[PDB]
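Structure file my_file.pdb (PDB, C-alpha atoms and all ligand atoms) follows.
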```pdb
ATOM      1  CA  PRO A   1     111.101  81.870 106.345
ATOM      2  CA  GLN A   2     114.303  82.548 104.428
ATOM      3  CA  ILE A   3     114.233  85.994 102.804
ATOM      4  CA  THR A   4     116.530  86.922  99.905
ATOM      5  CA  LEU A   5     117.460  90.527  99.147
ATOM      6  CA  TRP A   6     116.792  90.978  95.447
ATOM      7  CA  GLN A   7     113.880  93.159  96.623
ATOM      8  CA  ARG A   8     113.224  95.062  99.854
ATOM      9  CA  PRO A   9     112.539  92.630 102.689
ATOM     10  CA  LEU A  10     108.973  93.959 103.284
ATOM     11  CA  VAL A  11     106.726  91.999 105.655
ATOM     12  CA  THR A  12     103.211  92.477 106.972
ATOM     13  CA  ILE A  13     102.957  93.470 110.602
ATOM     14  CA  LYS A  14      99.849  93.790 112.752
ATOM     15  CA  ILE A  15      99.764  96.530 115.390
ATOM     16  CA  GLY A  16      96.644  97.879 117.068
ATOM     17  CA  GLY A  17      94.574  95.374 115.012
ATOM     18  CA  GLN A  18      95.855  96.943 111.811
ATOM     19  CA  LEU A  19      97.948  95.433 109.055
ATOM     20  CA  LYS A  20     100.880  97.510 107.749
ATOM     21  CA  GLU A  21     103.981  96.809 105.654
ATOM     22  CA  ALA A  22     107.370  97.195 107.246
ATOM     23  CA  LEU A  23     110.994  96.562 106.368
ATOM     24  CA  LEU A  24     113.178  94.038 108.163
ATOM     25  CA  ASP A  25     116.175  96.343 108.752
ATOM     26  CA  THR A  26     119.332  94.944 110.288
ATOM     27  CA  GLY A  27     120.900  98.410 109.873
ATOM     28  CA  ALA A  28     118.336  99.911 112.270
ATOM     29  CA  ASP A  29     118.962  99.811 115.975
ATOM     30  CA  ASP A  30     115.313 100.482 116.801
ATOM     31  CA  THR A  31     111.862 100.071 115.271
ATOM     32  CA  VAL A  32     110.153 103.242 113.988
ATOM     33  CA  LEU A  33     106.694 103.408 112.428
ATOM     34  CA  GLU A  34     105.003 106.202 110.528
ATOM     35  CA  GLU A  35     102.835 108.579 112.455
ATOM     36  CA  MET A  36     100.094 106.692 114.231
ATOM     37  CA  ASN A  37      98.219 106.525 117.503
ATOM     38  CA  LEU A  38      99.719 104.405 120.192
ATOM     39  CA  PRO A  39      98.396 103.957 123.703
ATOM     40  CA  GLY A  40     100.067 105.298 126.829
ATOM     41  CA  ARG A  41     102.598 107.960 127.586
ATOM     42  CA  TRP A  42     105.624 108.592 125.406
ATOM     43  CA  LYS A  43     109.148 109.737 126.182
ATOM     44  CA  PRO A  44     111.257 111.776 123.736
ATOM     45  CA  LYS A  45     113.993 110.273 121.571
ATOM     46  CA  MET A  46     116.227 111.437 118.729
ATOM     47  CA  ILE A  47     117.502 109.096 116.072
ATOM     48  CA  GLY A  48     120.185 109.645 113.485
ATOM     49  CA  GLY A  49     119.980 108.133 110.008
ATOM     50  CA  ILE A  50     121.818 108.810 106.757
ATOM     51  CA  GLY A  51     120.229 112.239 106.360
ATOM     52  CA  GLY A  52     120.508 113.570 109.904
ATOM     53  CA  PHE A  53     118.380 113.366 113.059
ATOM     54  CA  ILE A  54     114.672 113.348 113.731
ATOM     55  CA  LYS A  55     112.610 113.543 116.928
ATOM     56  CA  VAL A  56     110.342 110.544 117.543
ATOM     57  CA  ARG A  57     107.951 109.550 120.317
ATOM     58  CA  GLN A  58     108.970 106.395 122.248
ATOM     59  CA  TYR A  59     106.318 103.947 123.508
ATOM     60  CA  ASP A  60     107.328 100.928 125.601
ATOM     61  CA  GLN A  61     105.849  97.427 125.759
ATOM     62  CA  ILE A  62     103.884  97.440 122.519
ATOM     63  CA  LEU A  63     102.644  94.208 121.092
ATOM     64  CA  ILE A  64     103.412  93.844 117.401
ATOM     65  CA  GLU A  65     103.003  90.728 115.307
ATOM     66  CA  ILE A  66     105.593  90.323 112.583
ATOM     67  CA  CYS A  67     104.881  87.646 110.033
ATOM     68  CA  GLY A  68     102.859  85.928 112.698
ATOM     69  CA  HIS A  69     105.474  86.127 115.439
ATOM     70  CA  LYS A  70     104.356  88.133 118.424
ATOM     71  CA  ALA A  71     106.919  90.560 119.853
ATOM     72  CA  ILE A  72     106.654  93.068 122.719
ATOM     73  CA  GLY A  73     109.112  95.965 123.092
ATOM     74  CA  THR A  74     109.837  99.579 122.316
ATOM     75  CA  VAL A  75     108.386 101.199 119.246
ATOM     76  CA  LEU A  76     109.177 104.735 118.045
ATOM     77  CA  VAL A  77     106.785 106.903 115.998
ATOM     78  CA  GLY A  78     107.848 109.856 113.888
ATOM     79  CA  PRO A  79     108.507 111.117 110.427
ATOM     80  CA  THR A  80     110.152 107.982 109.019
ATOM     81  CA  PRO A  81     109.949 107.345 105.254
ATOM     82  CA  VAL A  82     108.951 103.688 105.780
ATOM     83  CA  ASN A  83     107.861 101.462 108.708
ATOM     84  CA  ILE A  84     111.095  99.899 110.016
ATOM     85  CA  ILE A  85     111.538  96.739 112.099
ATOM     86  CA  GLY A  86     114.970  97.217 113.732
ATOM     87  CA  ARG A  87     117.263  95.011 115.761
ATOM     88  CA  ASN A  88     115.360  95.431 119.036
ATOM     89  CA  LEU A  89     112.430  93.288 117.589
ATOM     90  CA  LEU A  90     114.390  91.245 115.014
ATOM     91  CA  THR A  91     116.170  89.583 117.937
ATOM     92  CA  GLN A  92     112.859  88.842 119.613
ATOM     93  CA  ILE A  93     111.751  86.893 116.482
ATOM     94  CA  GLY A  94     115.056  85.051 116.249
ATOM     95  CA  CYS A  95     116.137  86.664 112.987
ATOM     96  CA  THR A  96     119.728  86.194 111.865
ATOM     97  CA  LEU A  97     121.724  87.048 108.735
ATOM     98  CA  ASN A  98     123.220  84.114 106.796
ATOM     99  CA  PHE A  99     125.815  83.883 104.017
TER     100      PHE A  99
ATOM    101  CA  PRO B   1     128.508  82.605 108.697
ATOM    102  CA  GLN B   2     125.375  83.040 110.780
ATOM    103  CA  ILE B   3     125.090  86.498 112.331
ATOM    104  CA  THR B   4     122.963  87.356 115.344
ATOM    105  CA  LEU B   5     121.561  90.842 115.806
ATOM    106  CA  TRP B   6     122.252  91.401 119.497
ATOM    107  CA  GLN B   7     124.852  93.904 118.249
ATOM    108  CA  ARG B   8     125.145  95.832 114.978
ATOM    109  CA  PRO B   9     126.243  93.375 112.261
ATOM    110  CA  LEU B  10     129.648  94.839 111.481
ATOM    111  CA  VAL B  11     132.063  93.157 109.064
ATOM    112  CA  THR B  12     135.505  93.888 107.633
ATOM    113  CA  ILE B  13     135.560  94.892 104.013
ATOM    114  CA  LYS B  14     138.490  95.313 101.666
ATOM    115  CA  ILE B  15     138.161  98.070  99.130
ATOM    116  CA  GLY B  16     140.911  99.497  96.983
ATOM    117  CA  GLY B  17     143.349  97.482  99.066
ATOM    118  CA  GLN B  18     141.931  99.447 102.057
ATOM    119  CA  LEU B  19     140.613  97.230 104.869
ATOM    120  CA  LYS B  20     137.406  98.681 106.480
ATOM    121  CA  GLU B  21     134.492  98.140 108.769
ATOM    122  CA  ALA B  22     130.950  98.129 107.556
ATOM    123  CA  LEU B  23     127.392  97.400 108.493
ATOM    124  CA  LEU B  24     125.417  94.638 106.656
ATOM    125  CA  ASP B  25     122.242  96.720 106.144
ATOM    126  CA  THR B  26     119.147  95.007 104.681
ATOM    127  CA  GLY B  27     117.243  98.264 105.028
ATOM    128  CA  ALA B  28     119.741  99.914 102.601
ATOM    129  CA  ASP B  29     119.013  99.685  98.849
ATOM    130  CA  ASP B  30     122.547 100.794  97.951
ATOM    131  CA  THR B  31     126.078 100.646  99.258
ATOM    132  CA  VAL B  32     127.532 103.881 100.583
ATOM    133  CA  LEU B  33     131.029 104.418 102.032
ATOM    134  CA  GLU B  34     132.498 107.406 103.857
ATOM    135  CA  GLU B  35     134.342 109.929 101.690
ATOM    136  CA  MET B  36     137.154 108.248  99.812
ATOM    137  CA  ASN B  37     138.589 108.153  96.325
ATOM    138  CA  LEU B  38     137.674 105.491  93.829
ATOM    139  CA  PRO B  39     139.166 105.185  90.402
ATOM    140  CA  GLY B  40     136.910 106.045  87.485
ATOM    141  CA  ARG B  41     134.265 108.506  86.465
ATOM    142  CA  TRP B  42     131.498 109.060  89.004
ATOM    143  CA  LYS B  43     128.003 110.513  88.728
ATOM    144  CA  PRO B  44     126.287 112.636  91.366
ATOM    145  CA  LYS B  45     123.269 111.104  93.059
ATOM    146  CA  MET B  46     120.939 111.910  95.945
ATOM    147  CA  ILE B  47     119.986 109.166  98.455
ATOM    148  CA  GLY B  48     117.418 109.726 101.223
ATOM    149  CA  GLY B  49     117.081 108.050 104.599
ATOM    150  CA  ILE B  50     115.967 109.011 108.052
ATOM    151  CA  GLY B  51     116.823 112.655 108.418
ATOM    152  CA  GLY B  52     116.569 113.418 104.701
ATOM    153  CA  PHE B  53     118.804 113.288 101.662
ATOM    154  CA  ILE B  54     122.544 113.372 101.098
ATOM    155  CA  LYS B  55     124.533 113.976  97.905
ATOM    156  CA  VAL B  56     126.957 111.176  97.103
ATOM    157  CA  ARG B  57     129.189 110.286  94.144
ATOM    158  CA  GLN B  58     128.233 107.079  92.314
ATOM    159  CA  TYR B  59     130.934 104.738  90.983
ATOM    160  CA  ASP B  60     129.920 101.669  88.921
ATOM    161  CA  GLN B  61     131.519  98.257  88.838
ATOM    162  CA  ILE B  62     133.669  98.518  91.947
ATOM    163  CA  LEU B  63     135.019  95.287  93.412
ATOM    164  CA  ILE B  64     134.571  94.737  97.130
ATOM    165  CA  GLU B  65     135.543  91.781  99.278
ATOM    166  CA  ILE B  66     133.065  91.122 102.108
ATOM    167  CA  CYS B  67     134.389  88.649 104.614
ATOM    168  CA  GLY B  68     136.505  86.932 101.969
ATOM    169  CA  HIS B  69     133.745  86.976  99.374
ATOM    170  CA  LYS B  70     134.381  89.092  96.279
ATOM    171  CA  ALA B  71     131.378  91.126  95.055
ATOM    172  CA  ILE B  72     130.960  93.667  92.227
ATOM    173  CA  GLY B  73     128.506  96.533  91.971
ATOM    174  CA  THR B  74     127.829 100.237  92.313
ATOM    175  CA  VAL B  75     129.360 101.976  95.317
ATOM    176  CA  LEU B  76     128.289 105.399  96.562
ATOM    177  CA  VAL B  77     130.719 107.686  98.361
ATOM    178  CA  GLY B  78     129.609 110.561 100.554
ATOM    179  CA  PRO B  79     129.011 111.938 104.001
ATOM    180  CA  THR B  80     127.545 108.765 105.493
ATOM    181  CA  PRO B  81     128.052 108.343 109.252
ATOM    182  CA  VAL B  82     129.033 104.647 108.797
ATOM    183  CA  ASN B  83     130.100 102.510 105.832
ATOM    184  CA  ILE B  84     126.998 100.509 104.749
ATOM    185  CA  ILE B  85     126.755  97.364 102.617
ATOM    186  CA  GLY B  86     123.238  97.585 101.095
ATOM    187  CA  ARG B  87     121.174  95.059  99.112
ATOM    188  CA  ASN B  88     122.976  95.554  95.776
ATOM    189  CA  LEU B  89     125.999  93.672  97.236
ATOM    190  CA  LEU B  90     124.424  91.536 100.014
ATOM    191  CA  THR B  91     122.682  89.637  97.201
ATOM    192  CA  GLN B  92     126.033  88.968  95.477
ATOM    193  CA  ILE B  93     127.433  87.147  98.513
ATOM    194  CA  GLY B  94     124.240  85.140  98.978
ATOM    195  CA  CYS B  95     123.024  86.879 102.121
ATOM    196  CA  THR B  96     119.572  86.066 103.439
ATOM    197  CA  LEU B  97     117.379  86.874 106.471
ATOM    198  CA  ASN B  98     116.184  83.838 108.442
ATOM    199  CA  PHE B  99     113.665  83.456 111.260
TER     200      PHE B  99
HETATM  201  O1  LIG C   1     118.940 100.859 107.162
HETATM  202  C1  LIG C   1     118.783 102.139 107.691
HETATM  203  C2  LIG C   1     117.542 102.881 107.302
HETATM  204  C3  LIG C   1     116.953 102.781 105.961
HETATM  205  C4  LIG C   1     115.479 103.257 106.048
HETATM  206  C5  LIG C   1     114.844 103.502 104.699
HETATM  207  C6  LIG C   1     114.414 102.459 103.901
HETATM  208  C7  LIG C   1     113.872 102.599 102.633
HETATM  209  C8  LIG C   1     113.680 103.903 102.141
HETATM  210  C9  LIG C   1     114.095 104.987 102.944
HETATM  211  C10 LIG C   1     114.674 104.782 104.199
HETATM  212  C11 LIG C   1     117.644 103.725 104.961
HETATM  213  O2  LIG C   1     118.033 104.859 105.359
HETATM  214  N1  LIG C   1     117.760 103.306 103.732
HETATM  215  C12 LIG C   1     118.251 104.164 102.652
HETATM  216  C13 LIG C   1     117.474 103.912 101.328
HETATM  217  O3  LIG C   1     117.302 102.498 101.129
HETATM  218  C14 LIG C   1     118.386 104.558 100.242
HETATM  219  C15 LIG C   1     119.733 104.208 100.813
HETATM  220  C16 LIG C   1     119.663 103.990 102.166
HETATM  221  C17 LIG C   1     120.761 103.648 102.956
HETATM  222  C18 LIG C   1     121.976 103.528 102.295
HETATM  223  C19 LIG C   1     122.056 103.792 100.926
HETATM  224  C20 LIG C   1     120.952 104.112 100.129
HETATM  225  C21 LIG C   1     120.044 102.989 107.367
HETATM  226  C22 LIG C   1     120.798 103.120 108.676
HETATM  227  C23 LIG C   1     122.129 103.816 108.417
HETATM  228  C24 LIG C   1     122.875 104.065 109.703
HETATM  229  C25 LIG C   1     123.288 103.005 110.501
HETATM  230  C26 LIG C   1     123.971 103.270 111.707
HETATM  231  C27 LIG C   1     124.210 104.594 112.076
HETATM  232  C28 LIG C   1     123.761 105.686 111.291
HETATM  233  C29 LIG C   1     123.086 105.387 110.105
HETATM  234  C30 LIG C   1     120.069 103.971 109.717
HETATM  235  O4  LIG C   1     119.545 105.009 109.329
HETATM  236  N2  LIG C   1     120.047 103.491 110.939
HETATM  237  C31 LIG C   1     119.542 104.187 112.090
HETATM  238  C32 LIG C   1     120.380 103.871 113.335
HETATM  239  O5  LIG C   1     120.719 102.519 113.560
HETATM  240  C33 LIG C   1     119.449 104.366 114.493
HETATM  241  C34 LIG C   1     118.093 104.090 113.922
HETATM  242  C35 LIG C   1     116.910 103.935 114.675
HETATM  243  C36 LIG C   1     115.773 103.673 113.927
HETATM  244  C37 LIG C   1     115.836 103.505 112.534
HETATM  245  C38 LIG C   1     117.014 103.665 111.818
HETATM  246  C39 LIG C   1     118.156 103.957 112.564
END
```

Could you render the structure as structure tokens?
Amino acid sequence: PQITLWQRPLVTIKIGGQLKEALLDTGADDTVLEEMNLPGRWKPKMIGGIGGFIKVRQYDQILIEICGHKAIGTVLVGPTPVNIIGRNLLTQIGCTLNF
Amino acid sequence: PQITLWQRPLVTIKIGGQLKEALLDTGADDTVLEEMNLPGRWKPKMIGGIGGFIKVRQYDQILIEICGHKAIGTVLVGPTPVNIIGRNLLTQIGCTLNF
């Protein structure tokens, strides 16, 4: 699709058989989702945003379907205000910015 | 132009005759630049992101040039770690997300 930015670019994602809403965020290096249960072991990671840093759990090789496009990569879980689809997955779905 | 997301999508902006570098951020509702002086009256505002909230100064009707394209809108100034071009101005230059 072609998404305009008059509103937040929210899309439905499916992870662990659940549907959630997430933001296509070109300003985000990584993907972070609100607290949830993900399979496997996690490694520690710190991410810095506008307000400062937070500690998140890092899971590798997670399948996530974004607007019906399957992607598999690293997903972080922590105290994020919204579910964020960052550049690591955007690139897997061939998303680009156009003007 | 068509911008890929292998790297952060950084562009050159021209504000108050000052030439700068900024991030095209679709995850950002507003535009926020690092501490600088704009002409006019400003209003205090609080914007929240990952890590919490920051206090910025809000200036209305500022002209910005993004990759040659002139755009007008509100510009926030504060302790942001990077200059960010949010949705309020990406819309003015006709930016869209495509996959
Ligand atoms: O884009 C980004 C993020 C976002 C998220 C969100 C959304 C919605 C709500 C909340 C949150 C943000 O923060 N946003 C915000 C809002 O919208 C309000 C405002 C904003 C912004 C601006 C203005 C206003 C952002 C970004 C920034 C930066 C960049 C670079 C560096 C630093 C900072 C962020 O944060 N990012 C980050 C990085 O890249 C790393 C990471 C990882 C993950 C995620 C994110 C991130």

Contact residues (chain A, partner chain B, 10 Å, all atoms listed in the file) as a compact mmCIF listing (two decimals) with C-alpha atoms, in the coordinates of the input:
```txt
# COMPACT_ATOMS: atom_id res chain seq x y z
CA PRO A 1 111.10 81.87 106.34
CA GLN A 2 114.30 82.55 104.43
CA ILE A 3 114.23 85.99 102.80
CA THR A 4 116.53 86.92 99.90
CA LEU A 5 117.46 90.53 99.15
CA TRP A 6 116.79 90.98 95.45
CA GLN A 7 113.88 93.16 96.62
CA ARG A 8 113.22 95.06 99.85
CA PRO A 9 112.54 92.63 102.69
CA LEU A 10 108.97 93.96 103.28
CA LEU A 23 110.99 96.56 106.37
CA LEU A 24 113.18 94.04 108.16
CA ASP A 25 116.18 96.34 108.75
CA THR A 26 119.33 94.94 110.29
CA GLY A 27 120.90 98.41 109.87
CA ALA A 28 118.34 99.91 112.27
CA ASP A 29 118.96 99.81 115.98
CA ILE A 47 117.50 109.10 116.07
CA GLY A 48 120.18 109.64 113.48
CA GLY A 49 119.98 108.13 110.01
CA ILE A 50 121.82 108.81 106.76
CA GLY A 51 120.23 112.24 106.36
CA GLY A 52 120.51 113.57 109.90
CA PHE A 53 118.38 113.37 113.06
CA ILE A 54 114.67 113.35 113.73
CA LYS A 55 112.61 113.54 116.93
CA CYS A 67 104.88 87.65 110.03
CA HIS A 69 105.47 86.13 115.44
CA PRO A 79 108.51 111.12 110.43
CA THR A 80 110.15 107.98 109.02
CA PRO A 81 109.95 107.34 105.25
CA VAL A 82 108.95 103.69 105.78
CA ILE A 84 111.10 99.90 110.02
CA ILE A 85 111.54 96.74 112.10
CA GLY A 86 114.97 97.22 113.73
CA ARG A 87 117.26 95.01 115.76
CA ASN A 88 115.36 95.43 119.04
CA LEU A 89 112.43 93.29 117.59
CA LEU A 90 114.39 91.24 115.01
CA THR A 91 116.17 89.58 117.94
CA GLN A 92 112.86 88.84 119.61
CA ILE A 93 111.75 86.89 116.48
CA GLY A 94 115.06 85.05 116.25
CA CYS A 95 116.14 86.66 112.99
CA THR A 96 119.73 86.19 111.86
CA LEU A 97 121.72 87.05 108.74
CA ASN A 98 123.22 84.11 106.80
CA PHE A 99 125.82 83.88 104.02
```

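The closest residue to ligand LIG 1 (chain C), picked from A:61, A:74, A:37, A:12 and counting all atoms listed in the file, is A:74.
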
Interatomic distance between atom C2 of ligand LIG 1 (chain C) and atom CA of residue 18 of chain B?
25.2 Å

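Counting from atom CA of residue 14 of chain A, the distance to atom CA of residue 70 of chain A is 9.2 Å.
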
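Overlaying chain A onto chain B with least squares across the full set of in-order Cα pairs produces an RMSD of 0.3 Å.
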
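Counting from atom CA of residue 40 of chain B, the distance to atom CA of residue 78 of chain B is 15.6 Å.
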
Find the smallest box with edges along x, y and z containing every listed atom of ligand LIG 1 (chain C), then add 3 Å on each side and report centre and edge lengths in Å to one decimal, as AutoDock Vina command-line options.
```
--center_x 118.9 --center_y 103.3 --center_z 107.4 --size_x 16.5 --size_y 10.8 --size_z 20.5
```

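You can rank B:56, B:36, B:64, B:72 by their closest distance to ligand LIG 1 (chain C) using all atoms listed in the file, and at the top of that list sits B:56.
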
The PyMOL selection byres (((chain A and resi 43) around 10) and not hetatm) resolved against shown file, as a PDB file with C-alpha atoms, in the coordinates of the input:
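Saved as selection.pdb:
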```
ATOM      1  CA  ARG A  41     102.598 107.960 127.586  1.00  0.00           C
ATOM      2  CA  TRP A  42     105.624 108.592 125.406  1.00  0.00           C
ATOM      3  CA  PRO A  44     111.257 111.776 123.736  1.00  0.00           C
ATOM      4  CA  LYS A  45     113.993 110.273 121.571  1.00  0.00           C
ATOM      5  CA  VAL A  56     110.342 110.544 117.543  1.00  0.00           C
ATOM      6  CA  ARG A  57     107.951 109.550 120.317  1.00  0.00           C
ATOM      7  CA  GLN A  58     108.970 106.395 122.248  1.00  0.00           C
ATOM      8  CA  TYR A  59     106.318 103.947 123.508  1.00  0.00           C
ATOM      9  CA  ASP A  60     107.328 100.928 125.601  1.00  0.00           C
ATOM     10  CA  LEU A  76     109.177 104.735 118.045  1.00  0.00           C
TER      11      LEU A  76
END
```

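For the residues A:71, A:39, A:77, A:66, ranking by smallest atom-to-atom distance to residue 21 of chain A using all atoms listed in the file places A:66 first.
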
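If you measure from each of B:63, B:38, B:33, B:13 to ligand LIG 1 (chain C) using only C-alpha atoms and all ligand atoms, the closest one turns out to be B:33.
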
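Distance annotation: of B:75, B:31, B:62, B:46, the residue with the minimal separation from ligand LIG 1 (chain C) is B:31; atom set is all atoms listed in the file.
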
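With all atoms listed in the file as the atoms that count, the residue of B:30, B:73, B:83, B:35 with the shortest distance to ligand LIG 1 (chain C) is B:30.
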